[PDB]
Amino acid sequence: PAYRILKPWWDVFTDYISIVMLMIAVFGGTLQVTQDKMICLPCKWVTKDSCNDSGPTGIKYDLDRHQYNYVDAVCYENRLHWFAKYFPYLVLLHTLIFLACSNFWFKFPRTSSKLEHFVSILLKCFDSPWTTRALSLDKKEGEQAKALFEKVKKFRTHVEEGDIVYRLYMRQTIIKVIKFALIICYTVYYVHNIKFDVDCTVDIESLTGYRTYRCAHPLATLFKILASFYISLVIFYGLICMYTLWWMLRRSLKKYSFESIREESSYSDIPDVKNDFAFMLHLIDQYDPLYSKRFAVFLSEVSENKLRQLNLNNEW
């Protein structure tokens, strides 16, 4: 909606990567709930801890259906690695954390109120014909422009005094990048445990009769492919967050200069805003500099003097 101007290309890319990873998490969870089982068979020949490998006729184990189900359940609980069992749940949790970190400044009221007021004022100044005439009137248009000038002046002394939005965005970026580091450590380290064939020694010999069973995980290769895709998406997300952090730390975003705008335009008296005003104007520049150049009219004193002259002209 109206907040699309506050999301640069990195924000949109992170949002879409989070959407794709959320779909991956939902699909993996649906597979885990329904299809994830572990077909296990006992090994009659045992020569070590693992299962030993040694007309033709079938091998009879004399095990019931429920003995097989019990072996499957116990070797699923005990000797199947936790990462293969709870892979999509961790992905879902990480996507929820990423979405929370992306929408925290939009949902936290202290910064949400400032952001929505800034967006409303920027959109009201962008559609005002006084900006077009100044870059190049009716008495009602003149008094509306004067009221908007006063509203901008009240807004500037209210938001520039604090830097809560910049601090919150910096903390969100830091949390996102350290979350990416932790994910790309632990998920990559534990991705080798999703294997098709797993041997179990779960010690249920008193119930079934056999000691060691050789199992098979039907969803092992599909979960491994989903884990590789999730690792690639996490790598892309982390590179995007690294670019965002480098952009934030390269130049001070708490100090905005209108030097290019005041050089292009006739007005050379535009003041330098700071703190949250500077950060939001930097975000607008990363979206589109037209909004910033149109908003720079309401900060210059020369435009205010011209508006006062026009108001005096149309008053009498």
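We number the residues from 1 along the sequence you see. The term rigid core refers to the maximal set of C-alpha atoms that superpose within 1.5 Å between the two forms.
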Between 239-247 and 79-87, which has the larger RMS C-alpha deviation from this form in 6 other deposited structures of this protein after core superposition? 239-247
Higher-deviation segment by CA RMS in 6 other deposited structures of this protein, core fitted, 44-52 or 60-68: 44-52
Among the other entries that model both neighbours of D138, does it go unmodelled in a third or more? yes
Missing from the model but present in the deposited sequence, between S136 and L137: 10 or more
Which fits the stretch between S54 and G55: none, 1 to 3, 4 to 9, or 10 or more deposited residues lacking coordinates? 10 or more
